[PDB]
C-alpha cells in the first residue's frame, strides 16, 4: 500500500560504498550496469573513513601480503584521469621491540625481508636515531621497511566512485538495503523508496556483511568486527616530527605516525563487538596515550580528534572474494580486516573478474593469488 518507484534493473547490485564496494564496482563498471546501494548519506562514514591510511606489505597473513603487494602498481600509476594527485606518499615503517624478544624480532625481519628485499634489521641506537623521542632503555632493536607509504584514502575512494559514475554506474546514498530476495532469476533488493534487481548481488557491506547474508537467507561467514580506536594530538614545541616513519611496537601494542603536522596514536586494539556506528572508548584512548608516554619522551595534553572503527575478520584472518556456495549470484567481498585500503586495487580487480566468471588477471596470478585462496569455500570442511 505505500508507493514505490518502478524496479530498476542492473547487472550487478553492490551493497556498500566503502573501499570494498567502490573498488569492486569500479572494475565492474566498464562491463555492465553497476548500482551501488549505500545506507549512509556519505560513502566513507564507516571503516573506510576511519583508517590509519598506511600501506605496509609485511602485515597480515600470506594472502593479505600478496593482495597488498599486487595493489602497489595501481596505487603508484593509476589510469589517466583516475585522480589529480599522487595516491601514495613515502612513509617507511619501523617496528620496534619494546619487550626484549630478539627471537621474535628476527622472525619478523626474516619474514619481511623475503617479501621486501630492502627491509633492514636495526639495533636500538639506529631506532633511536630515526625517532629521537624513543626512550633508549625501552628499545631492544627494530625492523625498518623503506618501502612503506601513506595512502590518500579519500582521493583513492573518490577515484573509484567517480570511475563508476563515468561508466554510467550509479552510486546511491541513503539507500539502505532493507530486504533481499531471489525473485524471477534475480536478486531483488528493497530500499525505502524502491527496489533494484540484478543477477548478481555483491555483498560489500563491511562489518555488516553477515547481516546482509541474513536478509538474503544465505549462510554467513562468521565475520567478527573488532574495534580499534585512534587519536590525533599535537607534538611538543620543538619536536619536528614531520618525517618520522610509522612507528609500531613488535607486539602491536601501539602505533604512532605523523599526520601532516600532528601525531596519530593508537593502542592498536581489536576488541570484538557487533556491527554498529562505533565510538572510541575512553580506556582505549588512555591506554594508547599511556603506552606512548612510557615508550617515548612525549607528553600528550589532550587529543584534537578521537575516533574508532571496525576491522572485521573471519577465522583465518584472510580476505574473502568469491561466490557463495549453493547461493547462485551471491558474491562476498568481505573480511577486509586491518587491510582493506592497502589491498583494495587487487581485491577490486580480482573480485570483479571472478564475478564476471573470468580468470584472475596475470599480474595478480604472478603475485601468488588464485581463486581458491580468496573463496569463502575454504572456511568450511
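Positions refer to the first chain, counted from 1.
inquiry  = Comparing average C-alpha B factors as deposited, tell me which of 18 to 26 and 357 to 365 sits higher.
reply    = Averaging CA B-factors over each stretch, the winner is 357 to 365.
query = Comparing 324 to 332 with 342 to 350, which stretch shows the greater average C-alpha B-factor in the deposited entry?
reply = According to the PDB entry, the answer is 324 to 332.
254, 109, 290, 196, ranked by C-alpha B-factor: the highest one = That would be 109, according to the entry.
key: Highest recorded Cα temperature factor - choice among 206, 79, 159, 220   = The record points to 79.
ask   = Of the three thirds of its chain by CA temperature factor, lowest, middle or highest, which one includes residue 44?
value = It belongs to the middle third of the chain when residues are ordered by C-alpha B-factor.
inquiry  = Per the entry's values, where does residue 172 land by CA temperature factor relative to the rest of its chain, in the lowest, middle or highest third?
reply    = Bottom third by C-alpha B-factor.
query = Compared with the other modelled residues in the chain, in which third is the CA B-factor of residue 299?
reply = Its C-alpha B-factor belongs to the highest third of this chain's values.
inquiry  = Per the entry's values, where does residue 98 land by CA temperature factor relative to the rest of its chain, in the lowest, middle or highest third?
reply    = As the PDB entry reports it, the C-alpha B-factor of residue 98 lands in the highest third of its chain.
ask   = Going by the entry, which third of its chain does the Cα temperature factor of residue 269 land in?
value = Lowest third of the chain for residue 269's C-alpha B-factor.
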